Structures are given as structure tokens and as C-alpha cells.
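The next block holds one structure in the form of C-alpha cells; read it before the comments.
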Amino acid sequence: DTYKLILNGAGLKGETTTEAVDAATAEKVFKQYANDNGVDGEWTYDXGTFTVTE
């Protein structure tokens, strides 16, 4: 399935996607991604779309 991350933090704004078997798997990918980019924020998830917005 295609999952989307809408990111807003650490001087960056982005929209990226990852292909994953389920939401929990996509969530690990996106949370690691956010961490790699110095983003520490609050998260939402709805219908395949994640947001992280510090």
C-alpha cells in the first residue's frame, strides 16, 4: 500500500511516500525518517496519510 507523510519541521516542509505492507510498517519508516531530519513533532494518521508537525 502507498502511505504518505506530510512533514513540517526543522526548516523543512515536505510530502513523501513509501510503499509498505501496513500502516505500522510505514509508521516506523516515517518516524525514523523524521528523526533522521531532526524533526520532533506531533503526529496524525488518516486513511494512509501521516502528518508530523512540530
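In the C-alpha cells, chains take letters A, B, ... by order of appearance, with residues numbered from 1 within each chain and ligands from 1 in the order shown.
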Exercise. Which polymer residues have any atom within 12 Å of an atom of residue 14 (chain A), counting only C-alpha atoms, with same-chain residues fewer than 6 positions away left out, as a list in words?
Worked result: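 Once the nearby chain positions are removed, what remains is residues 4, 5, 6, 7, 8, 30, 33, 34, 37, 39, 50, 51, 52 and 53 of chain A.
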Since we have the selection now, will you write its residues out, keeping N, CA and C atoms, as a CSV table (one decimal), in the first residue's frame?
chain,number,residue,atom,x,y,z
A,4,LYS,N,1.6,8.1,2.9
A,4,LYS,CA,2.1,9.5,2.6
A,4,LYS,C,2.5,10.1,3.9
A,5,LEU,N,3.6,10.9,3.9
A,5,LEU,CA,4.0,11.7,5.1
A,5,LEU,C,4.0,13.2,4.7
A,6,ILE,N,3.2,14.0,5.4
A,6,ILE,CA,3.3,15.4,5.2
A,6,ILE,C,4.1,16.0,6.4
A,7,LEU,N,5.2,16.5,6.1
A,7,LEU,CA,6.2,16.9,7.2
A,7,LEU,C,6.3,18.4,7.3
A,8,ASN,N,6.4,18.9,8.5
A,8,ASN,CA,6.6,20.3,8.7
A,8,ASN,C,7.4,20.5,10.0
A,30,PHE,N,8.5,6.3,8.5
A,30,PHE,CA,8.3,7.7,8.6
A,30,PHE,C,8.9,8.3,9.9
A,33,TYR,N,12.5,8.4,9.5
A,33,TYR,CA,12.8,9.5,8.6
A,33,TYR,C,12.8,10.9,9.3
A,34,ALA,N,11.7,11.1,10.0
A,34,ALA,CA,11.6,12.3,10.7
A,34,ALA,C,12.7,12.5,11.7
A,37,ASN,N,16.0,13.6,10.2
A,37,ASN,CA,15.9,15.0,9.8
A,37,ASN,C,15.7,16.0,10.9
A,39,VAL,N,13.4,16.2,13.1
A,39,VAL,CA,12.0,16.7,13.4
A,39,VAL,C,11.5,15.9,14.6
A,50,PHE,N,0.1,10.2,6.9
A,50,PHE,CA,0.7,10.6,8.1
A,50,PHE,C,1.0,12.1,8.0
A,51,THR,N,0.9,12.8,9.1
A,51,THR,CA,1.5,14.1,9.2
A,51,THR,C,2.4,14.2,10.4
A,52,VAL,N,3.5,14.9,10.3
A,52,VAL,CA,4.3,15.3,11.5
A,52,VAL,C,4.5,16.8,11.5
A,53,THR,N,4.1,17.5,12.5
A,53,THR,CA,4.1,18.9,12.5
A,53,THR,C,4.6,19.4,13.9
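Near residue 19 (chain A), within 9 Å and counting only C-alpha atoms, sit residues 1, 2, 3, 4 and 26 of chain A, not including residues fewer than 6 positions from it in the same chain.
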Restricting the output to N, CA, C and O atoms, write the selected residues as a CSV table (one decimal), in the first residue's frame.
chain,number,residue,atom,x,y,z
A,1,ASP,N,0.8,-1.2,0.0
A,1,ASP,CA,0.0,0.0,0.0
A,1,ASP,C,0.9,1.2,0.0
A,1,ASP,O,2.0,1.2,0.5
A,2,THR,N,0.4,2.3,-0.5
A,2,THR,CA,1.1,3.6,-0.6
A,2,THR,C,0.7,4.4,0.6
A,2,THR,O,-0.5,4.7,0.9
A,3,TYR,N,1.7,4.9,1.4
A,3,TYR,CA,1.5,5.7,2.6
A,3,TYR,C,2.2,7.1,2.3
A,3,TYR,O,3.2,7.1,1.7
A,4,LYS,N,1.6,8.1,2.9
A,4,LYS,CA,2.1,9.5,2.6
A,4,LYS,C,2.5,10.1,3.9
A,4,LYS,O,1.9,9.9,4.9
A,26,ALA,N,4.8,1.4,7.7
A,26,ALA,CA,5.0,2.7,7.2
A,26,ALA,C,5.4,3.7,8.3
A,26,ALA,O,6.3,4.6,8.2
Exercise. Please, what distance in Å, to one decimal, runs between CA of residue 9 (chain A) and CA of residue 38 (chain A)?
Worked result: 8.0 Å
Exercise. Can you list, as a ChimeraX atom specification, every residue of chain A that DSSP puts in strand (DSSP E)?
Worked result: /A:2-9,12-19,42-46,49-53
Exercise. How far is it from CA of residue 25 (chain A) to CA of residue 13 (chain A), in Å with one decimal?
Worked result: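 Atom-to-atom, CA of residue 25 (chain A) and CA of residue 13 (chain A) are spaced 22.4 Å apart.
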For this session: Taking the DSSP assignment computed from this structure's backbone, write out as JSON, numbers by chain all residues of chain A that belong to helix (DSSP H, G or I).
Result: {"A": [23, 24, 25, 26, 27, 28, 29, 30, 31, 32, 33, 34, 35, 36]}
With N, CA and C atoms retained, could you export that selection as a PDB file, in the first residue's frame?
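Ended up saving to part-v6.pdb:
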ATOM      1  N   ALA A  23       0.199  -0.058   7.889  1.00  0.00           N
ATOM      2  CA  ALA A  23       0.412   1.252   8.479  1.00  0.00           C
ATOM      3  C   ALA A  23       1.511   1.265   9.545  1.00  0.00           C
ATOM      4  N   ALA A  24       1.581   0.211  10.356  1.00  0.00           N
ATOM      5  CA  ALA A  24       2.608   0.117  11.388  1.00  0.00           C
ATOM      6  C   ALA A  24       3.998   0.116  10.767  1.00  0.00           C
ATOM      7  N   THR A  25       4.130  -0.548   9.621  1.00  0.00           N
ATOM      8  CA  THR A  25       5.416  -0.602   8.932  1.00  0.00           C
ATOM      9  C   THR A  25       5.772   0.755   8.348  1.00  0.00           C
ATOM     10  N   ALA A  26       4.797   1.407   7.716  1.00  0.00           N
ATOM     11  CA  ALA A  26       5.018   2.740   7.176  1.00  0.00           C
ATOM     12  C   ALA A  26       5.360   3.712   8.304  1.00  0.00           C
ATOM     13  N   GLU A  27       4.670   3.572   9.430  1.00  0.00           N
ATOM     14  CA  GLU A  27       4.910   4.450  10.570  1.00  0.00           C
ATOM     15  C   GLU A  27       6.356   4.369  11.066  1.00  0.00           C
ATOM     16  N   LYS A  28       6.938   3.174  11.090  1.00  0.00           N
ATOM     17  CA  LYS A  28       8.325   3.039  11.534  1.00  0.00           C
ATOM     18  C   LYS A  28       9.232   3.745  10.553  1.00  0.00           C
ATOM     19  N   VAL A  29       8.925   3.591   9.272  1.00  0.00           N
ATOM     20  CA  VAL A  29       9.728   4.213   8.229  1.00  0.00           C
ATOM     21  C   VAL A  29       9.682   5.726   8.373  1.00  0.00           C
ATOM     22  N   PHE A  30       8.480   6.273   8.498  1.00  0.00           N
ATOM     23  CA  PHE A  30       8.324   7.716   8.587  1.00  0.00           C
ATOM     24  C   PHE A  30       8.878   8.289   9.895  1.00  0.00           C
ATOM     25  N   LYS A  31       8.728   7.570  11.002  1.00  0.00           N
ATOM     26  CA  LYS A  31       9.245   8.074  12.270  1.00  0.00           C
ATOM     27  C   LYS A  31      10.776   8.091  12.267  1.00  0.00           C
ATOM     28  N   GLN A  32      11.380   7.076  11.663  1.00  0.00           N
ATOM     29  CA  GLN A  32      12.831   7.055  11.524  1.00  0.00           C
ATOM     30  C   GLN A  32      13.285   8.199  10.610  1.00  0.00           C
ATOM     31  N   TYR A  33      12.542   8.409   9.527  1.00  0.00           N
ATOM     32  CA  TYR A  33      12.824   9.489   8.585  1.00  0.00           C
ATOM     33  C   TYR A  33      12.781  10.851   9.276  1.00  0.00           C
ATOM     34  N   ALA A  34      11.716  11.092  10.033  1.00  0.00           N
ATOM     35  CA  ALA A  34      11.557  12.348  10.749  1.00  0.00           C
ATOM     36  C   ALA A  34      12.722  12.543  11.709  1.00  0.00           C
ATOM     37  N   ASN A  35      13.107  11.469  12.392  1.00  0.00           N
ATOM     38  CA  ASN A  35      14.203  11.541  13.352  1.00  0.00           C
ATOM     39  C   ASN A  35      15.530  11.867  12.661  1.00  0.00           C
ATOM     40  N   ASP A  36      15.764  11.240  11.513  1.00  0.00           N
ATOM     41  CA  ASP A  36      16.969  11.495  10.727  1.00  0.00           C
ATOM     42  C   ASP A  36      17.092  12.958  10.329  1.00  0.00           C
TER      43      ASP A  36
END
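Take CA of residue 11 (chain A) and CA of residue 42 (chain A): the distance between them is 15.7 Å.
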